[PDB]
Amino acid sequence: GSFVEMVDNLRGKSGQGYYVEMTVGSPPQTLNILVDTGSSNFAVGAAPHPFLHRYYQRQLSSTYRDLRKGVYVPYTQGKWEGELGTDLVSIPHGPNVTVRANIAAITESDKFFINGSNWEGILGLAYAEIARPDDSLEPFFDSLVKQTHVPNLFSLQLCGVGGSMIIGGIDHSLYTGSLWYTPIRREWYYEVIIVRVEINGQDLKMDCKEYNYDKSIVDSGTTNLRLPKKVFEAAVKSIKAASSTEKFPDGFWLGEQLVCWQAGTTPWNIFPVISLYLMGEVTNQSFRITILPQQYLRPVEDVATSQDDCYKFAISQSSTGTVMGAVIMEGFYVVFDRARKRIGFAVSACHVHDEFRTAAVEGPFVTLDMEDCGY
Ligand SMILES: NC1=N[C@](c2ccnc(C(F)(F)F)c2)(c2ccc(F)c(-c3cncnc3)c2)c2cccc(F)c21
Ligand code: NA
């Protein structure tokens, strides 16, 4: 159960998240579970569904304990409902431990499971404040920490699929260069502060609070980089200007349609780099993470369109603040240092580059003219 044995423990389908193998109950029932830093519930399919390969059968587990409490989770894009209980949980390619944890057994859902995603539940890695029904339902990671000697930290290396989730430590073979830390502003979602945004080195010149309206989070459970309306509109204007040698339909910029090029001819050079400057651990100091088009133009695999390489624009508008989703995390080694209330970023071993540009994590940067960038 060493970090080496944890490397390459994630798999996934593009736009459908990354999952880890887990076991639930006694005797153990193997399930694939999506790793979600944007939620705090451990919620698993517990009844048949057209999109489920398998599901949690509580009647077969002697260690199952019913909490006699229902949970109903309607959210913007769908819903899930279930029953709360506790059971024995393990991660075969994770720490060499078995813990007793809360489990929300999903008995009914709407647009939650995805056809052929290969996962049957979600592991919410964020804090109790956002747990459903309320903050009294201890999240999985909290239980893992309380019950074992596992250090209060985990890291994600998402590769654009596969990757690694390292529990209880930092694996140096997963990144190059330096780890730069940004503070966790509040322990609910993994909330952070963006202090500056540049598109091909050009500052968006907005008050930095706009970038964090009403919060900015790091979410492995969201595919896109999602931006507040004002920021999204300025970003699109700037990307369109940089890429103006080619004109795309409005639907492409809305994520409503694909852009396709003859296989291997994607004009990466016409698309700009996006730099997100994150608040440093010291006053008015920041570092930047740079995103290439290979990260924000998400390939859509489809045998029918395979004479071409087709992409969806993976930057979208949000009315609930910035979401640094999978397209941002890909090619960075992201350290969720809960013990030190900070999130670390470093260039990943599976980072993005072509022969002209490389994703980067760079600093420090100084801004003497700064106000508080948070809401
Ligand atoms: N971050 C999130 N996890 C949720 C979510 C919403 C409500 N409850 C949960 C639960 F069950 F984990 F608590 C998760 C989720 C649910 C189902 C999914 F298929 C996916 C997903 C992830 N990656 C790629 N494609 C789809 C995400 C979800 C839905 C909407 C916005 C979000 F930011 C999230
Ligand atoms: Na991708």
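Side chains are part of it too, since the values below use all heavy atoms of this structure and drop only hydrogens, waters and symmetry mates. Counting starts at 1 for both ligands and their atoms, in listed order. Residue numbers count from 1 along this sequence.
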Checklist entry - What atoms in ligand 1 come closer than 4.0 Å to a heavy atom of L34? => result 22 (C), 23 (N)
Next on the checklist: Under the criterion side chain to side chain donor-acceptor pair (under 3.5 Å), I'd like the reasoning laid out for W268 against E355: C-alpha separation, chi angles, the key distance, then a yes or no.
Outcome noted: CA-CA 11 Å; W268 304 113; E355 67 274 37; over 6 Å; no
Next on the checklist: Show me which atoms of ligand 1 lie under 4.0 Å from any heavy atom of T223.
Outcome noted: 24 (C)
Next on the checklist: Which residue and atom name correspond to the protein heavy atom nearest atom 26 (C) of ligand 1, and how close is it?
Outcome noted: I114 CD1, 3.7 Å
Checklist entry - Side-chain contact, heavy-atom cut-off 4.5 Å: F140 with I91? => result yes
Item to check | Heavy atom of the protein closest to atom 32 (C) of ligand 1 (residue, atom name, distance) | outcome: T222 OG1, 3.7 Å
Next on the checklist: Any salt bridge linking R11 with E21? Criterion: basic side-chain nitrogen under 4.0 Å from a carboxylate oxygen.
Outcome noted: no
Checklist entry - Among all protein non-hydrogen atoms, which one is nearest to atom 9 (C) of ligand 1, and what is the separation to 0.1 Å? => result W80 NE1, 3.8 Å
Next on the checklist: I need the nearest protein heavy-atom contact for atom 29 (C) of ligand 1: residue, atom name and distance, please.
Outcome noted: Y75 CE1, 3.6 Å
Checklist entry - Is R342 paired with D337 through a side-chain N to carboxylate O contact shorter than 4.0 Å? => result yes
Item to check | Sub-4.0 Å atoms of ligand 1 with respect to non-hydrogen atoms of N41 | outcome: 12 (F), 13 (F)
Item to check | Nearest-neighbour protein heavy atom for atom 30 (C) of ligand 1, which is reported as residue plus atom name and distance | outcome: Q77 OE1, 3.3 Å
Next on the checklist: Assess whether a salt bridge exists between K230 and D207, defined as any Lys/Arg side-chain N lying under 4.0 Å from an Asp/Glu carboxylate O.
Outcome noted: no
Checklist entry - Below 4.0 angstrom, N of the basic side chain to O of the carboxylate: do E83 and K69 qualify? => result no
Item to check | Sub-4.0 Å atoms of ligand 1 with respect to non-hydrogen atoms of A43 | outcome: 11 (F)
Item to check | Axial cation check for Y64 ring with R58, 6.0 Å and 45° limits | outcome: yes
Checklist outcome for this item: Given a cut-off of 3.0 Å, the protein N, O or S atoms lying below it from the Na ion (ligand 2) are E330 OE1
Checklist entry - With the threshold set at 4.0 Å, does a side-chain nitrogen-carboxylate oxygen contact exist between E191 and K215? => result no
Checklist entry - Is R196 salt-bridged to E198, going by a charged N under 4.0 Å from an acidic O? => result yes
Checklist entry - Looking at the rings of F287 and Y277, which for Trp means the six-membered one, are their centres under 6.0 Å apart? => result no
Item to check | For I122, the ligand 1 atoms whose distance to one of its heavy atoms is below 4.0 Å | outcome: 12 (F), 14 (C), 15 (C), 16 (C), 17 (C)
Checklist entry - Going by the atom numbers of ligand 1, which of them fall below 4.0 Å from some non-hydrogen atom of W119? => result 18 (C), 19 (F)
Next on the checklist: For atom 34 (C) of ligand 1, what's the nearest protein heavy-atom neighbour? Residue, atom name and distance, please.
Outcome noted: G221 O, 3.8 Å
Checklist entry - How far is atom 25 (N) of ligand 1 from its nearest protein heavy atom, and which residue and atom is that? => result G15 O, 3.3 Å
Checklist entry - Would you say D36 and ligand 1 have an N/O pair spaced under 3.5 Å apart? => result yes
Next on the checklist: For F332, run the side-chain contact (heavy atoms from CB on, under 4.5 Å) check against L158, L174, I289, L156 and tell me which one passes.
Outcome noted: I289
Checklist entry - Quick one: does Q16 get an N or O within less than 3.5 Å of an N or O on ligand 1? => result no
Checklist entry - Centroid-to-centroid, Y189 to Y127, below 6.0 Å? => result no
Checklist entry - Is any side-chain heavy atom of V89 closer than 4.5 Å to a side-chain heavy atom of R100? => result no
Checklist entry - Is the shortest distance from a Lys or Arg side-chain nitrogen in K237 or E233 to a carboxylate oxygen in the other one below 4.0 Å? => result no
Checklist entry - So which heavy atom in the protein is nearest atom 12 (F) of ligand 1, and how far is it from that ligand atom? => result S39 OG, 2.9 Å
